[PDB]
Every structure is written in structure tokens, then in C-alpha cells.
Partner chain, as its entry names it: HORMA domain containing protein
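Take a look at this single chain in C-alpha cells; it is the form deposited without the partner chain.
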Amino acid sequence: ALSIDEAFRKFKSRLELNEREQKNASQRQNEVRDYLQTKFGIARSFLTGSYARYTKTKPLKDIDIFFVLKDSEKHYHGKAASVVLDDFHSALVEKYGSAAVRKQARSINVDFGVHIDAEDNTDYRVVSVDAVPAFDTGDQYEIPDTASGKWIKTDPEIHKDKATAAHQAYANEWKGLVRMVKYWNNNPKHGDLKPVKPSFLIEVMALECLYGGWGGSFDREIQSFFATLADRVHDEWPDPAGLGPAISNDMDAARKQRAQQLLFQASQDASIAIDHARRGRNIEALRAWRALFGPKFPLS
């Protein structure tokens, strides 16, 4: 039978990136870049966001791709945010169609319509990308923002550095704990609205909410991680880069209240699974973890 430690190691492995997935992200990048280069002056592109930090969970959705505009395109930098986004959205619709392409605040999501099965498998294919028009202003980048109407500054290296520092300070178990909790955050059992919004806020909070070091047991770590997240999701969570507004500003007070309850319920469910394990009821423990996380958590 599966021990609890073995089930979590297997769950962790399932949330790690394999070669075929990485190849598919590169290929999707080259596809969208080659198409957008025919319609915009685009100097280069790179994968960024949680995907590049290895804190993105499965299935791989909303992979951020910065599309660095050439000097010929500098007129967009003076125009409002919606101008560049609308033009990107319009070019992308022409190729991928209306249903697959959605304007967002700082990007255009392109959905490749891959089949996602009940256990979140996609035959190692990425589900979608976030296409982000960007100017390289020297040490950082500026990207459109429709909440502001204007261009905002962002520095992906800072988030990358803080993630690796947290990881190294948690015996290289930090990023995996983040991916597991994000997997729970994406469970369709919560409905159409995630408990925590945006997903990046889980990572931002984990920079402080995972502290001390790795205890060595996934089940107790997950339980305490949920309990701490519940206690602190009402705190202010500024941008760790110090370049934009706090990451905790997207949820209103009612949404934050649901977040705390769902995080608290996750801690209770996790406590129930721990009690089962402690009392020798191992199948029952696995089943409780499966109900918490979803089908990717193994029963065998």
C-alpha cells in the first residue's frame, strides 16, 4: 500500500515539469512569436512568470510570454494601455479565432483548445499562453495595464531571485509546496472562482508564510501552510519588487472572507487526513487528501 509520504512524493513528481512539457512551451512560444512578428515589430520574446520560476502548477495554463517591441513600435508606449492590447487581441483573433482569444488587464490569453482530462492530463501540452506586449526600458520592462490605463514597470528577475532564495532556505521544498497549494486553489470543486486571487498571491504569501525550514513530512507541512495562509490572507501583501500595487488588492473584503474560510477548511480537511494516518487508517487518509486536492493526488 501507499504510505502518506510516498503518496506526496508521487504527487510532487506529478507537479514537476517534464521534458515533453518544456518542449511544448517552447514550441507554443515560437508559434505565437513567429505569427506576431509578421504583424508587429517584435525584437524577441521570453517565457516568464511562475512558469520560469518553477512555481506553476499542472495543467500548465496562462504561461506568460513577454513580447519585446522594437523601436519602430515605440508609439504604443505613448498611447493608452488598451491600444496595444486591442491591436494584439485583433491580430491573435485572426489566427486563433474569437473563442480562443481573451483580453485581460495586462495581456491577451490565447487558448490552444487542448483536451484536459478528469485527472488534469493534457498529453504534456500547455493549455494557454498570456501574450504580454513589453518595452525593455533598460534595467526593467514596461507593460500595458488597463486598470491604470497606462504602462507600468515590472522586473521579473526580482520575483525569480526571491523564489530561489526562499526555496534554498526551505531545503529545496518551497516551490513544490507552492505548486501543491496552487493545485488545490485550482480545484473545480471550489466553483468557477478560485479561493485565492490572483494565483501569484499564494507565492507572494509563501515567501513569509513558509518559514523556518522543511519539517520533513508533507502532510503536517501542508496542514500548517493552509492554517497560516488562512490566518494571514487579510494582511497587506505588497509587491515584493516594490514596483506596483499590493498583490492582495484584487479581492474585495467579501472575496477575502471566502478565501480565509476555504483556506481554513483546507486546514481542517488536512487535519482530518493526518488523524486518519496517525491512527493506522491509511486508505482513509489518502481518500481525504484526494478529496482535498483532486485526482492528481494518488490513491496507489
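Under this definition, the rigid core comprises the largest set of C-alpha atoms superposing within 1.5 Å between the forms. Numbering follows the first chain given and starts at 1.
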property: Comparing 170-178 with 87-95, the one whose average Cα B-factor in the PDB entry is higher; result: 87-95
property: Of 60-68 and 36-44, the stretch whose C-alpha atoms average the higher B-factor in the entry; result: 36-44
property: Candidate residues 144, 188, 195, 215, the one whose C-alpha B factor the record puts highest; result: 144
property: Peak C-alpha temperature factor (PDB record), options 105, 163, 222, 210; result: 105
property: Modelled-residue ranking by C-alpha temperature factor, third containing residue 131; result: middle
property: Cα B factor band for residue 183 (lowest, middle or highest third within the chain); result: lowest
property: Ranked C-alpha temperature factor of residue 111 among modelled chain residues, by third; result: middle
property: Residue 17 by Cα B-factor - lowest, middle or highest third of the modelled chain; result: highest
property: Residue 154 CA temperature factor, ranked by third within the chain; result: highest
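Below, we refer to the form deposited with the partner chain bound, which is not included among the displayed structures.
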query: Heavy atom contact within 4.5 Å of the partner chain in the deposited complex, the stretch among 21-29, 5-13, 275-283, 288-296; finding: 275-283
query: Listed residue that, although the partner chain is not shown, lies within 4.5 Å of it in the deposited complex (heavy atoms), from 268, 249, 257, 37; finding: 268
query: Heavy atom within 4.5 Å of the partner chain in the deposited complex - the one residue of 227, 101, 152, 91 that qualifies; finding: 227
query: 4.5 Å heavy atom contact, residue 220 to the partner chain in the deposited complex; finding: yes
query: 4.5 angstroms heavy atom contact with the partner chain in the deposited complex for residue 112; finding: no
query: Exercise: residue 212 in contact with the partner chain in the deposited complex, heavy atom 4.5 Å; finding: yes
query: Contact of residue 264 with the partner chain in the deposited complex (heavy atom, 4.5 Å); finding: yes
query: Core-aligned C-alpha movement of residue 23 between this form and the one not shown, 2 Å or more; finding: no
query: Displaced residue check between this form and the one not shown: residue 279, CA, 2 Å or over, core reference; finding: yes
